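In: Provide a 3D model corresponding to the input given below.
(chains A, B, C, D, E and F)
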Amino acid sequence: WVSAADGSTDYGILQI
Amino acid sequence: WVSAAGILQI
Amino acid sequence: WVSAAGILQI
Amino acid sequence: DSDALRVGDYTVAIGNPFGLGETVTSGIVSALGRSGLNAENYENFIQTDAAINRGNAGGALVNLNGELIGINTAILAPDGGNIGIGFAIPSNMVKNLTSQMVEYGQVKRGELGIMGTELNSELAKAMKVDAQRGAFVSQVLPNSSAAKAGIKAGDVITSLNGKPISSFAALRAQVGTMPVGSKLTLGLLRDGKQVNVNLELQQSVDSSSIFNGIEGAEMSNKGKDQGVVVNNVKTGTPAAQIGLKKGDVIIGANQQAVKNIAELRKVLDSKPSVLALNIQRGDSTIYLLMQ
Amino acid sequence: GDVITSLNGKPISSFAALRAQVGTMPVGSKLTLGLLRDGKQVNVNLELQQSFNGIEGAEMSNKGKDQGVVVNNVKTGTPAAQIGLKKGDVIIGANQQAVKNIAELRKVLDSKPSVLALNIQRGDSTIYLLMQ
Amino acid sequence: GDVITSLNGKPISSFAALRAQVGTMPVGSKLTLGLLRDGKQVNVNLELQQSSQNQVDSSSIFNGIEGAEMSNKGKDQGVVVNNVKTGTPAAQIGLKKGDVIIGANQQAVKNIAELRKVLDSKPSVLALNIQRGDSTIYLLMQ
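Out: Numbers count the residues shown, from 1 in each chain, chains lettered A, B, ... in the order given. And now the structure:
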């Protein structure tokens, strides 16, 4: 995958 | 035990 | 450890 | 007199290890005023390298003249076998505790009514205090013997009845064994000045004290024979698990009227299988069942 | 129930993007958002925010005229109430040094003592609080 | 301190039985109980009422969401949540006791009827406009 060099499906609730 | 096939309030 | 054979108040 | 003991003094232990029979071992006073094995207990231990194991408990610790200096109580052993670290309760504390049991069948516990903590070198620096050890007075309770005596917060206690003080924990243990009304004298240190004061011990509730196992609820008498009112309740405790809430007033139990804690305790002395409390929340009368 | 659609004019790709945008902006940055509530376009002016004198998660102030540092209000979860501090207390002094104001208090903290002994007073009683 | 012994003439086996008996009877049902106070037989006429608290489970409205009881609040003031169980599908979406559903999917909610009315629409995602304390929040479903 990526490597350094219930409720809406798109996301749980994040804080801004 | 049983399987499907304190003060209480009335 | 030990076995038988904060402000405190005085 | 255990107060004459000095580290280096020779000690002899006598007990019944592993039921072998009366067994005598020897050693010296490793250290004095040791405590911390159980922070809730009154402990001013004498430490000795004299052999002590399972069975020695309650045994005698004597000096070369055969005089009792302490009672062997516990050891520090990772394997349940002596490794040269044993503790005994100073003879003086025993003298005081037994003499009461002889007369009252229990101990009349008194207090000075002061809050405090151990005086370490760090705290001494902050408080501009000379002594690196002793009892530091956090605060004095109002209407307490200490208050009446003229003890102020920020004071450092250095001696008790002339005898120097090893630590706050020691002092706690000292007075913790003395009977109520005992007249004693303290050596204080405030602003680099030596002070002496005359004191007299005074009198000094949880639900575990009445139900023997039910914690998390304080309660006392209400007015004059108006029942037992509950002062405060803690969450997630055996008491609140049966319903008990602060503000309740116990009118009676098992069809017997309850005016005070004495009457309540008299119903519990009967030891009934099930307890039925007739308390009252606000305007309503309810019941609480136990067992 | 509002839906944010723009930030300082620039449209918003996602919530994750918006989070990253402002997450890099400095405290106090004044910005403007474009919202959508009930099919109506809304514009708002904002100013970033942090998560008298306050020490160690405890907010205090001065009392009258050089009458010490009185405690206005305390937080429970904070280390302040974890050492005993309650609202209404009045710091008379610390480490055997008289405290008239937040200036003299801070002057003791500049000394950086291993342990801090506060001579506060609750009610008609005088107590101490220790730190470190 | 009273002991109930009979219901509508029929003797009572246990408290649990009585609970089940009346628990199935419709609101406003007029019934009679046989009491025993101070060794004294008593008869009383009763009428079932609208339970203010713990009135209705949540699985009865969301068809699959258990662990949260709720009912109407005062006078068309929304659907308040009475009690919430831990480790349940309900609390898994955030729901907590004390919440008061004001509306859902931009439709006002005054009582359980209105709420169910929105669920009859069967939307893909449900957005509840509840209020905790003096704050207004939303809870999303699906």
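
In: Of all the residues in stretch F:33-45, which ones are buried?
Out: Going by neighbour count (16 or more other C-beta atoms under 10 Å in any protein chain shown), the buried part of stretch F:33-45 is F:33-34. For every residue, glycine as well, the C-beta is placed using N, CA and C.

In: repeat for stretch F:53-71
Out: F:56-59, F:62, F:65, F:67-71.

In: Skip the chain neighbours and tell me the closest residue to the residue most central in space within chain F.
Out: Taking C-alpha atoms, centre = their mean, the centroid of chain F lies closest to residue F:55, which sits 1.7 Å from it. Nearest residue to residue F:55, sequence neighbours excluded (C-beta to C-beta, 6 or more residues apart in numbering or on different chains): residue F:71, at 3.1 Å.

In: Now do the SS call for that neighbour.
Out: Using DSSP: H, G, I helix; E, B strand; the rest coil, the structure places residue F:71 in strand.

In: same deal with residue D:143?
Out: With three-state DSSP as the criterion, residue D:143 reads coil.

In: And it, how far from chain B?
Out: According to C-beta to the nearest C-beta, to the nearest Å, residue D:143 and chain B sit 42 Å apart.

In: got the contact list for that residue?
Out: Applying C-beta atoms under 8 Å, 6 or more residues apart in numbering or on different chains, we find residue D:143 in contact with residue D:113.

In: Helices of the stretch 151-291 of chain D, residue ranges please.
Out: All helices of the stretch 151-291 of chain D, identified by DSSP state H, counting those that start in this stretch, fall at D:168-175, D:208-211, D:261-268.

In: Tell me if I'm right that the residue nearest to the centre of chain F and residue F:61 touch.
Out: No - Residue F:55 is beyond contact range of residue F:61, at 11.4 Å (criterion: C-beta atoms under 8 Å).

In: list the residues that contact both of those two?
Out: residue F:70.

In: Can you name the residues that contact the nearest residue to residue F:125 once chain neighbours are set aside?
Out: Leaving aside its sequence neighbours, residue F:125 sits nearest to residue F:142 (C-beta to C-beta, 6+ apart; 4.9 Å). By C-beta under 8 Å, 6+ apart, the residues touching residue F:142 are A:6-9, F:124-126.

In: Redo those as a markdown table? Include secondary structure and neighbour count.
Out: Shown next, in a markdown table, are the contacts of residue F:142 (DSSP: H, G, I helix; E, B strand; the rest coil; neighbours: other C-beta atoms under 10 Å in any protein chain shown):
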| residue | secondary structure | neighbour count |
| --- | --- | --- |
| A:6 | coil | 14 |
| A:7 | coil | 18 |
| A:8 | coil | 13 |
| A:9 | coil | 9 |
| F:124 | coil | 8 |
| F:125 | coil | 11 |
| F:126 | strand | 18 |
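
In: so which residue of chain A comes closest to chain B?
Out: Ranked by C-beta to the nearest C-beta, the top residue of chain A for proximity to chain B is residue A:6, at 25.4 Å.

In: Nearest residue to that residue in space, please, no chain neighbours.
Out: Distance criterion C-beta to C-beta, 6+ apart; nearest residue to residue A:6, sequence neighbours excluded, is residue F:93 at 4.5 Å.

In: What count of nearby residues applies to the closest residue to chain C within the stretch 51-200 of chain D?
Out: With C-beta to the nearest C-beta as the measure, residue D:57 is the residue of the stretch 51-200 of chain D nearest to chain C, at 3.7 Å. Residues lying near residue D:57 (other C-beta atoms under 10 Å in any protein chain shown) number 18.

In: so how far is residue D:25 from it?
Out: Distance, residue D:57 to residue D:25, using C-beta to C-beta, to the nearest Å: 14 Å.

In: for residue D:235, same thing?
Out: To residue D:25, residue D:235 is 50 Å away according to C-beta to C-beta.
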